[PDB]
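To keep things clear, I will list the structure first and then write my remarks on it.
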Amino acid sequence: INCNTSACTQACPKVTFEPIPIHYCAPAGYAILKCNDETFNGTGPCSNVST
Amino acid sequence: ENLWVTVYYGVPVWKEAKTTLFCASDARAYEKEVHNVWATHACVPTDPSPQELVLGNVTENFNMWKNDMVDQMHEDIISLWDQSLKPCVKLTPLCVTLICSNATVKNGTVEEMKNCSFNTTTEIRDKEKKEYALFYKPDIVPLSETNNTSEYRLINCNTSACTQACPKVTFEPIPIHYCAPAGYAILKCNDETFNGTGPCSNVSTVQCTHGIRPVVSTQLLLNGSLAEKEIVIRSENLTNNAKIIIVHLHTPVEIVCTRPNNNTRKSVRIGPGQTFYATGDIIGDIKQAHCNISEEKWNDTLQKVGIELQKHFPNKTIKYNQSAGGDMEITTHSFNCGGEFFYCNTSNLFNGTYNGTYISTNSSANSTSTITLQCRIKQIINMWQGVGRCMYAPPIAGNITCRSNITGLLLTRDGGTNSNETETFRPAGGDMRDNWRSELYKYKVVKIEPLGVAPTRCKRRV
Amino acid sequence: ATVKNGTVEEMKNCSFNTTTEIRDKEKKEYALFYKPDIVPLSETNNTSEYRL
Amino acid sequence: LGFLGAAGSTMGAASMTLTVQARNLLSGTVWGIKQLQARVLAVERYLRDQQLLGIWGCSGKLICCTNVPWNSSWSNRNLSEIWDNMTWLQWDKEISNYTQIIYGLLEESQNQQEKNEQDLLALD
Amino acid sequence: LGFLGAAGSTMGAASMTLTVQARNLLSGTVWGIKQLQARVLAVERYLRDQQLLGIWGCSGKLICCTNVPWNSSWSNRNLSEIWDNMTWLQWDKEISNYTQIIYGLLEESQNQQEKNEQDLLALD
Amino acid sequence: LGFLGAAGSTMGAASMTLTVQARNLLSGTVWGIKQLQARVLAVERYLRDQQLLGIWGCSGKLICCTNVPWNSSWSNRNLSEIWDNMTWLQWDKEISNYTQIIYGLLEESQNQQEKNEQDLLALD
Ligand SMILES: *[C@@H]1O[C@H](CO)[C@@H](O[C@@H]2O[C@H](CO)[C@@H](O)[C@H](O)[C@H]2NC(C)=O)[C@H](O)[C@H]1NC(C)=O
Ligand SMILES: *[C@@H]1O[C@H](CO)[C@@H](O[C@@H]2O[C@H](CO)[C@@H](O)[C@H](O)[C@H]2NC(C)=O)[C@H](O)[C@H]1NC(C)=O
Ligand SMILES: *[C@@H]1O[C@H](CO)[C@@H](O[C@@H]2O[C@H](CO)[C@@H](O)[C@H](O)[C@H]2NC(C)=O)[C@H](O)[C@H]1NC(C)=O
């Protein structure tokens, strides 16, 4: 089905496609706020807040 | 009492040193898409809030031919322009033997373009097919010296594997500002009487330079800044006959030209996924590519250049000739026009003489009288030595048109012999740096030395 | 390995077809290689056929 | 007066106008790795100069005078031909040959003021 | 109280708890050159803020009071309705419109002190 | 004495010569992006140590003494047992286990001096 659109590649069979859990961290000078309200409906205020 | 040593911080003391300067672009060019052109791709958006600041009793000596800014601009251009060609097609299967017949476009013979046909290894690679395209005779070489004269080749593939520029980047000369990094400043000389080296009194400091247009050109300078008072002559040693003597104009000249040949783009698939663009049929009659300059303004300009040349040569006249034979990139005015590459024969521009006594340049015979330069067009470009040294320029449909201002000249004095009363001149070209050195001439960069020491009556108390 | 008649015991004279720079005018060429760099092509019997 | 408007003005005029020059020593942007290299070099230069003010006990933009007497061979100048007329550029064009003298003499000035304060903070 | 646990506490409670927030302003690691760019930007921000405290004669975490009289157009507030109730976030949501004035006024009152002290270390 | 010539000298011998050691903490060059990473790591380390000196009111190279009394469990040594005989390396080989309380106790020393100074700068 290729070769008329692109010449593409085989994935290397020694990397894997496992969904590794990846954490995101703020660098120096910033912070991550997390809303602990489970009633949060997409927009608006939150009171139970952690960093 | 005596005096005692005291330090001061924040002291206006300059040093001269080499440094790395970044680029800034006009902010409207950041309306454009990502990976489009150099502005959004690599530079920083500008903001003219820190304007020019004039200085007072300062006095600084500038040097034009020792300027490191152009020698860094050349490498910045060479690296960015080498980086811009990577995602494009690398050609390679187009190096096949070409079979070229007579140039029967609509009967007759088109004298510049040959109709050639070649076998294309298609994207399936086992269903190779015949294709045909029209090529320019500078891009076409005979394959062998024998009398098999219907067998041809591209001018590449014996020297390098060439490349096609991607037809979604552009070759528009975006004005690029050079700015000073942290702890640095740019001195600008406001004396228009500055003759290349020496002191300058009206001095300002700027955070970013004037917008430089990086137009690659030979024997003439395209769109660029104009001189402030009159025609300026710059040479490192004016007596030296091997040194390129640059002429900067006050009154601009207007040049307008075109390719009056209604071309058509053809698409060929070369290998898997990637395409190639060539010249297909030609619709309409065949016309010659040419460029036009108004005659009275050109004669006025060359007589004024002779007037300024008589400020360094006492009683001799001024004569000109064409370039010394040369090759295509050296002997002809080579400039970009909308993506195409023009090479114009400059001899008709310089078949004239200034006798040392200037004649009234109106003297009205016809204001519509023009001088006309025949121009040839290449597609395979041998653009710079050491860049990724080949590039193929894809053709663009319809008649192109472009219009610009001539503001500068490049000259070489033909060798002074027999004590001749002309010391005639030829147009020059070659190293592109003296184009940019025609624009970066007002600028220097200074290392800020903030810490100073002075004697003061002050004494520290315990 | 007839260098000037006789046999050089280390260097084999080999010839091969080179796809030239035009790619449709491939030509014969010859070179001398060292026997550590030269392997017989197949275990099936054809003894004058070699590989890098 | 901005980054460099103080140049040309005399000693008395440039005794002021320090911070508007010295505050613009930190910036940086993107064209490549070379600009990051120049940015880190500028940061390291400012930090080194702030350190050199750090040894001598100055630690500020103020007029930091030490107690070492001025030898005549460094300037050979009257006070009137330093303050009334001179500006900093052609002052530096005279004084700049004595860096290994002056920049060691102020470290000797912070030699001559430290242990005789530590004893007066302990033995008193 | 860590990096941001002091938020929501009043003026008096957050007059303390400064260094455990302000000490965590420098870090960095690897995912690419973009993290180097963000790390150098963080160092530049912290160094610029230390400099801006550096001109005004503060040069520390200390409660650095200068001598400009407070103008009523910046707060229009009583002492009780600043210290007894208010917290810094919605205090900043009032005062933040005047920052380019206030950050100039403290340099203006550094343009009132050290030349006088220089004359009181020289002419005395 | 340069960058490390003070090592092996005694406590009273190395009470001096701090500056020529600590002045050589900032440099960098090119072999790749890794050297730039190590360069900004060195700049970060020096800036962090300057910050930790800035917390305690030291802010200099000086012999910064605070007022917290020494506890005997940290050294158990006589004054002669510390000063005339020891060098700094085998002193560190004893004291280095108590960093997590000493580097908090000097912040506690900056607790016990600040708001009192503010009240003696305001209520007086
Ligand atoms: C270029 O040459 C090609 C031959 O490959 C020409 O195409 C043929 O022209 C003849 C003459 O009219 C026709 O009989 C064929 O049907 C054409 N073949 C194809 C595939 O179109 C082409 O006309 C020439 N073009 C120019 C501009 O000279
Ligand atoms: C292609 O050529 C046509 C005709 O030569 C150009 O159309 C004329 O352009 C001139 C420019 O000075 C105008 O004055 C005329 O009014 C235009 N029309 C006619 C009917 O002559 C056309 O501009 C050219 N193509 C491009 C892209 O410039
Ligand atoms: C390697 O083999 C080549 C054969 O391809 C030899 O070249 C030929 O040698 C014969 C014998 O003298 C000549 O008749 C031919 O004219 C040669 N051909 C060419 C193209 O030169 C070559 O001599 C051999 N070389 C060595 C070192 O063994």
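Every chain in the structure tokens has a letter given in the order shown (A, B, ...), and although residue numbers restart at 1 in each chain, ligands are simply numbered from 1 in the order shown.
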Considering only C-alpha atoms, tabulate each residue of chain D that lies at most 9 Å from chain F along with its nearest interatomic pair and the corresponding distance in Å to one decimal; arrange the rows by chain and ascending residue number and present them as a Markdown table.
| residue | atom | partner | partner_atom | distance |
| --- | --- | --- | --- | --- |
| D:33 | CA | F:33 | CA | 8.3 |
| D:37 | CA | F:36 | CA | 7.5 |
| D:40 | CA | F:40 | CA | 7.5 |
| D:41 | CA | F:28 | CA | 8.3 |
| D:44 | CA | F:26 | CA | 7.1 |
| D:47 | CA | F:26 | CA | 8.6 |
| D:48 | CA | F:26 | CA | 7.4 |
| D:51 | CA | F:23 | CA | 7.9 |
| D:52 | CA | F:23 | CA | 8.3 |
| D:54 | CA | F:60 | CA | 6.5 |
| D:55 | CA | F:61 | CA | 6.4 |
| D:57 | CA | F:60 | CA | 7.4 |
| D:59 | CA | F:60 | CA | 8.5 |
| D:107 | CA | F:19 | CA | 8.6 |
| D:111 | CA | F:16 | CA | 8.6 |
| D:114 | CA | F:62 | CA | 6.8 |
| D:115 | CA | F:63 | CA | 8.1 |
| D:118 | CA | F:63 | CA | 6.9 |
| D:121 | CA | F:65 | CA | 8.8 |
Return as a PDB file with N, CA and C atoms, in the first residue's frame every polymer residue, whether protein, DNA or RNA, with at least one atom no more than 10 Å from an atom of ligand 2; count only C-alpha atoms and all ligand atoms.
ATOM      1  N   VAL B 256      13.873  46.634 -14.426  1.00  0.00           N
ATOM      2  CA  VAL B 256      12.692  45.780 -14.464  1.00  0.00           C
ATOM      3  C   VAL B 256      12.839  44.797 -15.615  1.00  0.00           C
ATOM      4  N   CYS B 257      12.628  43.515 -15.329  1.00  0.00           N
ATOM      5  CA  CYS B 257      12.693  42.509 -16.381  1.00  0.00           C
ATOM      6  C   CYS B 257      11.876  41.283 -16.011  1.00  0.00           C
ATOM      7  N   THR B 258      12.052  40.240 -16.817  1.00  0.00           N
ATOM      8  CA  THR B 258      11.054  39.196 -16.945  1.00  0.00           C
ATOM      9  C   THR B 258      11.648  38.019 -17.698  1.00  0.00           C
ATOM     10  N   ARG B 259      10.869  36.945 -17.763  1.00  0.00           N
ATOM     11  CA  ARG B 259      11.071  35.866 -18.717  1.00  0.00           C
ATOM     12  C   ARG B 259       9.815  35.772 -19.568  1.00  0.00           C
ATOM     13  N   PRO B 260       9.774  36.400 -20.731  1.00  0.00           N
ATOM     14  CA  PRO B 260       8.552  36.434 -21.545  1.00  0.00           C
ATOM     15  C   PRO B 260       8.298  35.142 -22.320  1.00  0.00           C
ATOM     16  N   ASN B 261       8.285  34.023 -21.605  1.00  0.00           N
ATOM     17  CA  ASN B 261       8.151  32.708 -22.213  1.00  0.00           C
ATOM     18  C   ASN B 261       7.208  31.903 -21.339  1.00  0.00           C
ATOM     19  N   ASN B 262       6.005  31.643 -21.844  1.00  0.00           N
ATOM     20  CA  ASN B 262       4.940  31.059 -21.032  1.00  0.00           C
ATOM     21  C   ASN B 262       5.213  29.570 -20.804  1.00  0.00           C
ATOM     22  N   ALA B 397       5.645  28.305 -13.187  1.00  0.00           N
ATOM     23  CA  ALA B 397       4.773  28.446 -14.343  1.00  0.00           C
ATOM     24  C   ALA B 397       4.487  29.911 -14.655  1.00  0.00           C
ATOM     25  N   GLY B 398       4.172  30.165 -15.923  1.00  0.00           N
ATOM     26  CA  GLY B 398       3.824  31.497 -16.373  1.00  0.00           C
ATOM     27  C   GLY B 398       5.036  32.376 -16.585  1.00  0.00           C
ATOM     28  N   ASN B 399       4.832  33.570 -17.131  1.00  0.00           N
ATOM     29  CA  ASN B 399       5.928  34.518 -17.288  1.00  0.00           C
ATOM     30  C   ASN B 399       6.209  35.137 -15.927  1.00  0.00           C
ATOM     31  N   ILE B 400       7.464  35.069 -15.488  1.00  0.00           N
ATOM     32  CA  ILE B 400       7.833  35.731 -14.248  1.00  0.00           C
ATOM     33  C   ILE B 400       8.149  37.182 -14.551  1.00  0.00           C
ATOM     34  N   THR B 401       8.019  38.036 -13.539  1.00  0.00           N
ATOM     35  CA  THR B 401       8.430  39.429 -13.625  1.00  0.00           C
ATOM     36  C   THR B 401       9.068  39.835 -12.308  1.00  0.00           C
ATOM     37  N   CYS B 402      10.085  40.686 -12.393  1.00  0.00           N
ATOM     38  CA  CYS B 402      10.698  41.244 -11.200  1.00  0.00           C
ATOM     39  C   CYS B 402      11.244  42.628 -11.516  1.00  0.00           C
TER      40      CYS B 402
END
Requested in this report: Give the residues of chain A that lie within 12 Å of chain E; count only C-alpha atoms, and format the answer as a VMD selection string.
Outcome: chain A and resid 24 to 33 47 49 to 51
Report task. Could I get the residue neighbourhood of ligand 1 at 10 Å, counting only C-alpha atoms and all ligand atoms, as a list in words? Result -> residues 99, 100, 101, 102, 103, 104, 105, 106, 107, 108, 109, 110, 113, 114, 115, 116, 117, 118, 130, 131, 132, 133, 134, 279, 280, 281, 282 and 283 of chain B
For the selection you just gave me, I'd like the residues written to a file as an mmCIF file, in the first residue's frame, keeping N, CA and C atoms.
data_model
loop_
_atom_site.group_PDB
_atom_site.id
_atom_site.type_symbol
_atom_site.label_atom_id
_atom_site.label_comp_id
_atom_site.auth_asym_id
_atom_site.auth_seq_id
_atom_site.Cartn_x
_atom_site.Cartn_y
_atom_site.Cartn_z
ATOM 1 N N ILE B 99 18.460 11.000 -24.115
ATOM 2 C CA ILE B 99 18.354 10.999 -25.567
ATOM 3 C C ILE B 99 17.598 12.253 -25.970
ATOM 4 N N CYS B 100 18.283 13.167 -26.647
ATOM 5 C CA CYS B 100 17.720 14.472 -26.955
ATOM 6 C C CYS B 100 17.631 14.654 -28.460
ATOM 7 N N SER B 101 16.437 14.989 -28.934
ATOM 8 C CA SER B 101 16.176 15.206 -30.344
ATOM 9 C C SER B 101 16.286 16.693 -30.672
ATOM 10 N N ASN B 102 15.827 17.056 -31.869
ATOM 11 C CA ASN B 102 15.702 18.459 -32.238
ATOM 12 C C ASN B 102 14.647 19.141 -31.377
ATOM 13 N N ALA B 103 14.792 20.455 -31.217
ATOM 14 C CA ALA B 103 13.937 21.233 -30.321
ATOM 15 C C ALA B 103 12.684 21.733 -31.044
ATOM 16 N N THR B 104 11.894 20.778 -31.530
ATOM 17 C CA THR B 104 10.662 21.081 -32.255
ATOM 18 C C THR B 104 9.546 21.300 -31.238
ATOM 19 N N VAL B 105 9.505 22.513 -30.687
ATOM 20 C CA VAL B 105 8.508 22.842 -29.674
ATOM 21 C C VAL B 105 7.120 23.014 -30.295
ATOM 22 N N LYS B 106 6.993 23.845 -31.323
ATOM 23 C CA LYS B 106 5.739 24.049 -32.031
ATOM 24 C C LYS B 106 6.067 24.248 -33.510
ATOM 25 N N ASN B 107 6.925 23.347 -34.023
ATOM 26 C CA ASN B 107 7.854 23.526 -35.148
ATOM 27 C C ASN B 107 8.904 24.601 -34.896
ATOM 28 N N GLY B 108 9.828 24.742 -35.838
ATOM 29 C CA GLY B 108 10.962 25.596 -35.606
ATOM 30 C C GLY B 108 11.917 24.937 -34.623
ATOM 31 N N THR B 109 12.805 25.766 -34.089
ATOM 32 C CA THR B 109 13.765 25.343 -33.083
ATOM 33 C C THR B 109 13.863 26.407 -32.002
ATOM 34 N N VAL B 110 13.618 26.012 -30.755
ATOM 35 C CA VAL B 110 13.926 26.869 -29.611
ATOM 36 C C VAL B 110 15.415 26.670 -29.331
ATOM 37 N N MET B 113 16.490 25.505 -25.336
ATOM 38 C CA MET B 113 15.959 24.367 -24.587
ATOM 39 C C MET B 113 15.897 23.130 -25.480
ATOM 40 N N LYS B 114 16.485 22.038 -25.001
ATOM 41 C CA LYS B 114 16.467 20.774 -25.723
ATOM 42 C C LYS B 114 15.391 19.849 -25.165
ATOM 43 N N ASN B 115 14.669 19.179 -26.061
ATOM 44 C CA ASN B 115 13.675 18.175 -25.690
ATOM 45 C C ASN B 115 14.381 16.833 -25.533
ATOM 46 N N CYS B 116 14.383 16.293 -24.318
ATOM 47 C CA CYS B 116 15.085 15.060 -24.011
ATOM 48 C C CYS B 116 14.106 14.068 -23.401
ATOM 49 N N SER B 117 14.386 12.781 -23.578
ATOM 50 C CA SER B 117 13.582 11.722 -22.992
ATOM 51 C C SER B 117 14.502 10.701 -22.339
ATOM 52 N N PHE B 118 14.033 10.129 -21.238
ATOM 53 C CA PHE B 118 14.875 9.265 -20.429
ATOM 54 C C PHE B 118 14.025 8.227 -19.714
ATOM 55 N N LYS B 130 9.237 5.354 -19.783
ATOM 56 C CA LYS B 130 9.810 6.475 -20.508
ATOM 57 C C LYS B 130 9.147 7.778 -20.079
ATOM 58 N N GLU B 131 9.953 8.833 -19.964
ATOM 59 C CA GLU B 131 9.440 10.159 -19.658
ATOM 60 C C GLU B 131 10.193 11.165 -20.511
ATOM 61 N N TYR B 132 9.635 12.365 -20.644
ATOM 62 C CA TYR B 132 10.273 13.409 -21.432
ATOM 63 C C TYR B 132 10.208 14.735 -20.689
ATOM 64 N N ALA B 133 11.241 15.551 -20.889
ATOM 65 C CA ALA B 133 11.340 16.859 -20.263
ATOM 66 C C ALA B 133 12.181 17.770 -21.146
ATOM 67 N N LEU B 134 12.028 19.071 -20.934
ATOM 68 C CA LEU B 134 12.815 20.071 -21.640
ATOM 69 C C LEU B 134 13.857 20.652 -20.698
ATOM 70 N N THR B 279 10.508 21.106 -16.805
ATOM 71 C CA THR B 279 9.852 21.957 -17.788
ATOM 72 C C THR B 279 9.196 21.089 -18.854
ATOM 73 N N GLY B 280 7.882 21.227 -19.006
ATOM 74 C CA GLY B 280 7.157 20.470 -20.006
ATOM 75 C C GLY B 280 7.040 21.214 -21.317
ATOM 76 N N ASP B 281 5.813 21.415 -21.782
ATOM 77 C CA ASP B 281 5.592 22.135 -23.023
ATOM 78 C C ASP B 281 5.766 23.636 -22.814
ATOM 79 N N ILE B 282 5.881 24.356 -23.924
ATOM 80 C CA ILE B 282 5.904 25.814 -23.928
ATOM 81 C C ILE B 282 4.726 26.286 -24.763
ATOM 82 N N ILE B 283 3.900 27.124 -24.187
ATOM 83 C CA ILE B 283 2.716 27.628 -24.867
ATOM 84 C C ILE B 283 2.988 29.043 -25.353
#
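Between CA of residue 187 (chain B) and CA of residue 206 (chain B) lies a distance of 6.6 Å.
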